[PDB]
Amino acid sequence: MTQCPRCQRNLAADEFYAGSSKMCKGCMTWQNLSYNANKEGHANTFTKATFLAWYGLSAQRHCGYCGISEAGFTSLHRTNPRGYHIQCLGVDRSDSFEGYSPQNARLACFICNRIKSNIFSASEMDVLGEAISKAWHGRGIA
């Protein structure tokens, strides 16, 4: 129910981080996507507006490989490369040879994203995802 000072959207608490960040998850994920694309030499055909509509809202976000919810993934307490608790789902370039685009983008948790790496196709990763989903369901996580 707070407004994000970056996108100006009116949003629930679950669209924000638990730490000292003032940006919403959509804005921070968009910033990362942009910086990452340029750093790695990947094209980016999303605009911020299309990305934000694509990214939707926290309670609707689930990893497209293992099915874990954003809240479920948050409860794993995974850390990012700077050492902070990961609290949102990221974006997989389905075809790892292609860039970020509406057609090539798939929502993915950081565990599945790193697993898939540039080793497995999306099709192959669909299969790994079901196996990962069984680990979560085995731990009591949705």
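Numbers follow the displayed sequence, beginning with 1.
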query: Which of 112-120 and 27-35 has higher mean CA B factor, as the PDB entry lists it; finding: 27-35
query: 38-46 versus 89-97 - which carries the larger mean C-alpha B factor in the record; finding: 38-46
query: Within-chain third of residue 128 by Cα B-factor, per the entry; finding: lowest
query: Residue 102 CA temperature factor, ranked by third within the chain; finding: highest
